[PDB]
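Undergrad:
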Amino acid sequence: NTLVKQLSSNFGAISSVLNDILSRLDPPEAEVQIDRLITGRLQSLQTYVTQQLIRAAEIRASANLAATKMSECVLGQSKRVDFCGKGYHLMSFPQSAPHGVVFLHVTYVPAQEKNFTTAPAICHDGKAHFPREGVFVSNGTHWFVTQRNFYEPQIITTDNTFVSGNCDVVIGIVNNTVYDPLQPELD
Amino acid sequence: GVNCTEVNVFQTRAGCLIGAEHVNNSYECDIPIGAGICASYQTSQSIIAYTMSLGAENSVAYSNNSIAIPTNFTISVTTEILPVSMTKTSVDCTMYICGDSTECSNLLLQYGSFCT
Amino acid sequence: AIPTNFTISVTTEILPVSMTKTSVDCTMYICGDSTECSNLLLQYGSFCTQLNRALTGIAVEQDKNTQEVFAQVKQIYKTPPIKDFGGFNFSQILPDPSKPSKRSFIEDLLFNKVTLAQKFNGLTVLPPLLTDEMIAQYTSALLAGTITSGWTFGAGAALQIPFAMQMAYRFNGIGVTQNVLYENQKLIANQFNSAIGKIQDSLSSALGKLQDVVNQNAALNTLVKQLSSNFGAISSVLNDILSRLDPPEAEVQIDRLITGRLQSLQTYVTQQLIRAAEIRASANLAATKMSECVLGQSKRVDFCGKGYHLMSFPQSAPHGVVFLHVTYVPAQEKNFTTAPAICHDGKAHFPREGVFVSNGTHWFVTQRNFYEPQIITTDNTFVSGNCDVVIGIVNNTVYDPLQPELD
Ligand SMILES: *[C@@H]1O[C@H](CO[C@@H]2O[C@@H](C)[C@@H](O)[C@@H](O)[C@@H]2O)[C@@H](O[C@@H]2O[C@H](CO)[C@@H](O)[C@H](O)[C@H]2NC(C)=O)[C@H](O)[C@H]1NC(C)=O
Ligand SMILES: *[C@@H]1O[C@H](CO)[C@@H](O[C@@H]2O[C@H](CO)[C@@H](O)[C@H](O)[C@H]2NC(C)=O)[C@H](O)[C@H]1NC(C)=O
Ligand SMILES: *[C@@H]1O[C@H](CO)[C@@H](O[C@@H]2O[C@H](CO)[C@@H](O)[C@H](O)[C@H]2NC(C)=O)[C@H](O)[C@H]1NC(C)=O
Ligand SMILES: *[C@@H]1O[C@H](CO)[C@@H](O[C@@H]2O[C@H](CO)[C@@H](O)[C@H](O)[C@H]2NC(C)=O)[C@H](O)[C@H]1NC(C)=O
Ligand SMILES: *[C@@H]1O[C@H](CO)[C@@H](O[C@@H]2O[C@H](CO)[C@@H](O)[C@H](O)[C@H]2NC(C)=O)[C@H](O)[C@H]1NC(C)=O
Ligand SMILES: *[C@@H]1O[C@H](CO)[C@@H](O[C@@H]2O[C@H](CO)[C@@H](O)[C@H](O)[C@H]2NC(C)=O)[C@H](O)[C@H]1NC(C)=O
Ligand SMILES: *[C@@H]1O[C@H](CO)[C@@H](O)[C@H](O)[C@H]1NC(C)=O
Ligand SMILES: *[C@@H]1O[C@H](CO)[C@@H](O)[C@H](O)[C@H]1NC(C)=O
Ligand SMILES: *[C@@H]1O[C@H](CO)[C@@H](O)[C@H](O)[C@H]1NC(C)=O
Ligand SMILES: *[C@@H]1O[C@H](CO)[C@@H](O)[C@H](O)[C@H]1NC(C)=O
Ligand SMILES: *[C@@H]1O[C@H](CO)[C@@H](O)[C@H](O)[C@H]1NC(C)=O
Ligand SMILES: *[C@@H]1O[C@H](CO)[C@@H](O)[C@H](O)[C@H]1NC(C)=O
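Protein sequence lines correspond, in order, to chains A, B and C.
Quick note: the first sequence uses my numbering, first residue 1, plus one each step.
Quick note: the second sequence uses my numbering, first residue 188, plus one each step.
Quick note: the third sequence uses my numbering, first residue 304, plus one each step.
What follows is the structure in structure tokens.
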């Protein structure tokens with residue numbers, strides 16, 4: 001719209017339209033006004049072209065980002081935090097749009113919590129067991145082992161822990177028992 | 188860029204605001220006036236100019252032997268919108284600069300190679 | 304070759320985020336208090352609205368950049384009065400209430416470094432939206448959340464956890480087991496404190512990244528000095544050219560001045576769009592780095608620091624952001640003699656998640672990023688086929704700890 005509206009300014013000539021210039025006046029005395037008009041219109045074209053180039057560069061950067069998001073969120077599962085949505089990522093679906101793309105991001109997200117008391121090791125008989133891929137939680141009397149993203153408690157045994165060292169160097173430790181289920185079945 | 192000595196005058200850090208009551212509360216930003224202040228219409232009604240609030244404020248009972256475990260999950264669906272392309276418009280330089288004339292074209296030919 | 308010791312190492316990284324806003328009048332700069340100039344300028348059409356529109360767009364984009372970079376949280380957390388973090392000393396990064404503002408020792412030690420007439424020609428500067436105290440509060444809230452929750456606050460609610468167990472999770476995320484941390488916690492705490500002290504010393508005696516922005520935005524001097532040029536006229540003062548001539552002969556002089564000053568404004572505005580685009584790209588990179596290094600644990604090699612990644616802490620330099628990556632590098636190595644498979648009775652025994660090293664005579668299985676030899680039991684490996692296809696294999700025996708109990 002601005003590029004069009006630039007076509008009605010004198011820029012210094014006696015009129016803003018070329019046909020009037022060439023009809024009312026003799027060309028050897030009209031070349032100067034024609035030069036003025038040509039200079040003005042060239043300036044307008046240069047301005048428009050430069051700004052369009054900058055806009056195109058920005059749009060290209062955005063399109064590259066959109067292509068990367070399509071390649072990683074949709075055709076696979078991502079772990080880049082807060083890339084494909086907000087929270088843990090399950091999958092995404094693409095949807096077209098006029099001159100754009102719209103993504104739908106199904107995302108796992110945790111809810112209602114429950115306080116607990118923890119400890120990093122268990123001195124059974126001088127040794128010190130450690131959880132394999134869990135965390136030691138106690139409701140207040142008995143100690144359990146659960147995964148770190150969902151409360152599911154199981155009885156602590158010797159198939160959830162692996163010994164390492166002795167229970168005199170770990171800063172926090174608590175005495176407890178370990179089931180060792182082989183012994184009852186041995187009888 | 189003036190002081191309120193010159194021409195409901197709540198002197199800001201960003202200038203001289205005229206026509207807005209100054210309240211003591213803290214809400215979210217509707218009109219980003221600048222330098223912290225943000226004006227809004229929700230106060231029978233009059234425009235107010237309050238100070239920003241960064242959000243809520245809470246703490247966690249962090250302790251050396253306390254942990255919190257989630258017990259129930261939920262599933263959410265969000266959206267994000269990204270432009271990809273725009274219109275492909277070309278402009279003929281001669282038809283715009285000149286018209287249907289010929290002397291205009293002959294004079295434009297002196298400027299070398301701009302249209303190309 | 305396997306390491307036998309490790310050393311924590313803290314390094315920084317400086318990124319610019321935004322640049323000074325600027326709105327430039329395109330009528331006071333050209334004409335001034337005159338009116339003949341204001342009438343002559345009207346012929347050029349809409350050449351005094353597009354420049355203003357572009358400059359306001361740039362300013363809005365700067366506000367957008369800062370908001371995207373720093374506003375990653377909704378709740379504003381607070382460090383507890385309890386200061387029991389298992390050995391680490393976070394008393395050079397957390398805010399100090401004694402100072403007038405809430406900038407910590409590193410933050411104001413950094414603000415001391417960078418040093419941040421023109422107006423009467425029509426050149427005006429605008430104030431930022433988020434005042435510096437708000438930025439400091441954002442950084443402090445991010446620090447408190449990271450310290451007291453690790454990453455869970457970046458994906459929903461905030462879940463409390465002891466810091467030592469959080470570092471255990473961090474080590475377990477890069478391959479090394481957790482007993483490795485739980486055995487020598489004091490050494491790691493001391494190394495962390497020493498690294499933080501060394502960084503504090505280093506920053507107290509560079510910041511070229513944040514200084515190039517200022518030395519390029521202060522353009523303004525060239526724009527100002529493009530006023531004492533005749534541009535082909537007889538004198539570069541409108542109040543003089545209209546006090547020594549008459550309209551028919553003053554119009555050409557005024558027109559030449561108009562053309563020159565319009566070219567100068569066009570060049571300035573053109574440069575301050577390319578600079579803005581570069582700054583926006585840098586701000587986007589900084590936002591990504593915040594969201595991935597700070598609110599999680601990165602796996603991309605050499606993204607957050609150099610080495611393996613544990614955690615990071617943000618800061619706030621003037622017109623930028625500063626990270627402190629906490630890396631992990633192994634130190635002391637030893638030669639060994641490995642072998643992919645150990646077949647006992649015609650049954651190859653590949654290791655589960657370790658490696659089959661030997662100290663010359665015996666054979667022990669150990670993990671990769673550290674050294675802790677063990678015995679080749681049955682639960683430590685798994686059988687696969689018979690040993691006649693594996694290229695390099697040495698013949699040995701396993702322990703099978705089920706035997707002693709059944710006697
Ligand atoms: C979880 O955190 C604290 C502590 O609760 C205890 O945590 C263990 C030590 C164990 O003994 C648990 O069985 C206990 O439940 C509490 O936080 C309180 O939250 C209320 C919310 O209204 C607040 O008014 C109190 O000031 C908080 N107390 C402290 C000391 O900060 C509460 O039990 C749990 N908090 C939440 C938010 O669920
Ligand atoms: C904490 O957990 C322990 C271990 O489960 C609970 O003790 C038993 O729990 C089972 C169900 O899990 C009940 O059927 C038993 O009656 C419980 N035994 C006793 C002696 O109480 C215990 O109840 C839980 N709660 C507390 C407060 O300790
Ligand atoms: C967690 O910290 C508390 C202190 O906040 C420990 O409780 C004891 O607190 C008294 C306070 O005077 C100290 O003198 C004791 O030294 C603390 N006990 C110990 C063992 O240091 C509590 O024991 C701590 N828990 C763990 C697992 O370290
Ligand atoms: C987890 O949350 C869901 C949804 O809030 C719970 O499902 C509801 O449970 C209540 C009570 O049993 C029912 O009346 C509703 O019909 C259930 N569905 C919905 C959509 O509300 C579910 O019980 C929760 N699980 C746990 C373990 O708390
Ligand atoms: C691993 O390296 C650390 C240093 O990064 C060693 O820690 C030093 O240990 C000696 C005595 O063993 C002390 O005198 C020093 O004060 C410790 N710190 C430093 C910075 O030197 C540690 O001993 C090394 N571990 C092994 C097994 O060699
Ligand atoms: C490789 O490590 C084993 C570890 O068991 C070494 O075995 C020791 O050998 C000495 C030789 O007299 C015995 O006294 C020890 O009882 C053995 N066990 C331990 C734990 O020391 C073996 O010597 C090492 N090989 C080499 C070449 O150093
Ligand atoms: C565990 O038992 C030992 C003795 O068997 C005792 O010295 C210690 O105080 C107990 N409690 C711990 C280690 O927390
Ligand atoms: C602006 O006006 C206020 C109120 O009179 C005065 O306190 C302040 O000093 C003034 N500032 C300047 C720069 O004149
Ligand atoms: C509002 O704040 C001002 C400045 O602190 C104070 O003078 C005034 O009493 C406050 N009014 C109310 C109603 O809190
Ligand atoms: C942390 O370091 C400062 C400065 O050396 C010291 O004053 C303070 O006591 C230290 N805090 C702890 C817990 O070591
Ligand atoms: C391993 O042996 C090579 C060859 O002699 C030697 O250069 C290298 O230093 C040895 N590695 C160690 C850790 O001693
Ligand atoms: C492979 O194991 C057999 C046992 O059946 C043994 O005789 C042979 O020496 C072993 N191979 C080598 C190279 O020692």
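Cβ atoms here follow ideal geometry from the backbone N, Cα and C, with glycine treated the same way.
Quick check on A:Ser-96: does DSSP put it in helix, strand or coil?
TA: strand
Undergrad: Mind reading off the beta-carbon distance from C:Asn-355 to C:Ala-634? Whole number of angstroms is fine, and I expect it under 8 Å.
TA: About 60 Å separates the two Cβ atoms, so there is no contact after all.
Undergrad: For the stretch 251 to 286 of chain B, list the alpha helix (DSSP H) runs that are entirely contained and at least 4 residues long, ordered along the chain.
TA: 280 to 284
Undergrad: So, C:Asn-518 versus C:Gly-335, is the Cβ gap smaller than 9 Å?
TA: no
Undergrad: What did DSSP end up calling B:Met-239 once you bin it into helix, strand or coil?
TA: Three-state DSSP puts B:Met-239 in coil, outside helix and strand.
Undergrad: Looking at C:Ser-507 and ligand 10, is the gap between the Cβ and the nearest heavy atom below 8 Å?
TA: It does not: the Cβ of C:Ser-507 is nowhere closer than 8 Å to a heavy atom of ligand 10.
Undergrad: Any residue with its C-beta under 7 Å from a non-hydrogen atom of ligand 7 counts. Can you list them all in chain order?
TA: A:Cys-123, A:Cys-167, A:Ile-173, A:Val-174, A:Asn-175
Undergrad: With a Cβ-Cβ cutoff of 9 Å, do A:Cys-167 and A:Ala-119 count as a contact?
TA: no
Undergrad: Note down, in chain order, every chain C residue with its Cβ under 8 Å from the Cβ of A:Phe-103.
TA: Here the premise fails: no neighbours, minimum Cβ distance about 17 Å.
Undergrad: Closer than 5 Å is what we want: which residues have a beta carbon that near any heavy atom of ligand 5? List them in chain order.
TA: With the cut-off at 5 Å, the residues found are C:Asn-308, C:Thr-310.
Undergrad: If you follow the beta strand (DSSP E) that C:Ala-439 is part of, which residue opens it and which one closes it?
TA: Residue range 435 to 452 is occupied by the alpha helix (DSSP H) that includes C:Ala-439, with no beta strand (DSSP E) assigned at that position.
Undergrad: In whole angstroms, give me the CA-to-CA distance for B:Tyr-283 and A:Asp-35.
TA: 15 Å
Undergrad: Determine, using beta carbons only, whether B:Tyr-298 and A:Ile-38 come nearer to each other than 9 Å.
TA: Taking C-beta atoms as the reference points, B:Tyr-298 and A:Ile-38 count as a pair closer than 9 Å.
Undergrad: I need the straight-line Cα distance from A:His-142 to A:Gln-183, nearest angstrom please.
TA: 22 Å
Undergrad: Tell me which residues of the stretch 39 to 69 of chain A have at least one Cβ-Cβ distance to chain B shorter than 7 Å, keeping chain order.
TA: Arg-41, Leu-42, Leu-45, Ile-59, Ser-62, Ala-63, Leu-65, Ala-66
Undergrad: Please confirm if the stretch 248 to 258 of chain B is in contact with the stretch 462 to 470 of chain C, defined as three or more CB-CB distances below 8 Å between the two stretches.
TA: The stretch 248 to 258 of chain B makes contact with the stretch 462 to 470 of chain C: 3 or more CB pairs, one atom from each, lie closer than 8 Å.
Undergrad: Is the stretch 363 to 373 of chain C in contact with the stretch 426 to 438 of chain C, if contact means three or more CB pairs nearer than 8 Å?
TA: Taking 8 Å as the limit for Cβ pairs, the verdict is that the stretch 426 to 438 of chain C does touch the stretch 363 to 373 of chain C.
Undergrad: Taking the alpha-carbon positions, what's the C:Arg-473 to C:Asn-415 distance?
TA: Distance between the alpha carbons of C:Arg-473 and C:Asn-415: 34 Å.
Undergrad: What are the residues in the stretch 342 to 356 of chain C lying within 8 Å of chain A by C-beta distance?
TA: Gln-346, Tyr-347, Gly-348, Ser-349, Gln-353
Undergrad: Find the residues of chain C that neighbour A:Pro-94, judging by a C-beta separation of less than 7 Å, and give them in chain order.
TA: Within chain C, no residue comes near A:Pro-94; the closest Cβ sits about 22 Å away, beyond 7 Å.
Undergrad: Within 9 Å of any Cβ in chain A, is that where the Cβ of B:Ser-246 sits?
TA: no
Undergrad: Let's see if you can read the secondary structure: which residues bound the alpha helix (DSSP H) around C:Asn-496?
TA: Start and end: 488 to 506.
Undergrad: Considering C:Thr-669, what are the terminal residues of the beta strand (DSSP E) in which it resides?
TA: 667 to 669
Undergrad: What does C:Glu-595 reach in chain A if we use C-beta pairs closer than 7 Å?
TA: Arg-80, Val-81
Undergrad: Output yes if chain B places a C-beta closer than 9 Å to the C-beta of A:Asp-20; else output no.
TA: So, not an interface residue.
Undergrad: May I ask you to verify whether the stretch 372 to 379 of chain C touches the stretch 240 to 252 of chain B, counting CB pairs closer than 8 Å and requiring at least 3?
TA: As far as the Cβ criterion goes, the stretch 372 to 379 of chain C touches the stretch 240 to 252 of chain B, which means the pair count is three or higher.
Undergrad: Report the rounded CA-to-CA distance for C:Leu-345 versus A:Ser-8, giving the unit in angstroms.
TA: 12 Å
Undergrad: Would you say C:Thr-700 touches ligand 6, meaning its beta carbon is less than 8 Å from a heavy atom?
TA: no
Undergrad: Which chain A residues sit within Cβ distance under 7 Å of C:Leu-462?
TA: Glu-113
Undergrad: Is there a C-beta anywhere in chain A that falls below 9 Å from the one on B:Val-210?
TA: Cβ-Cβ to chain A under 9 Å: no for B:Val-210.
Undergrad: Would you call the stretch 169 to 181 of chain A and the stretch 196 to 203 of chain B touching, i.e. three or more CB-CB distances under 8 Å?
TA: no
Undergrad: Which residues bound the beta strand (DSSP E) around C:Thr-573?
TA: From DSSP, C:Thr-573 is part of no beta strand (DSSP E) but of the alpha helix (DSSP H) over 550 to 592.
Undergrad: Please report the straight-line C-alpha distance between A:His-105 and C:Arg-583, rounded to a whole angstrom.
TA: 26 Å
Undergrad: Please tell me whether C:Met-437 has its Cβ less than 9 Å away from any Cβ of chain B.
TA: yes
Undergrad: Going by CA-CA distance only, name the one from C:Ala-620, C:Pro-617, C:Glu-581 that's closest to A:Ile-54.
TA: C:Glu-581
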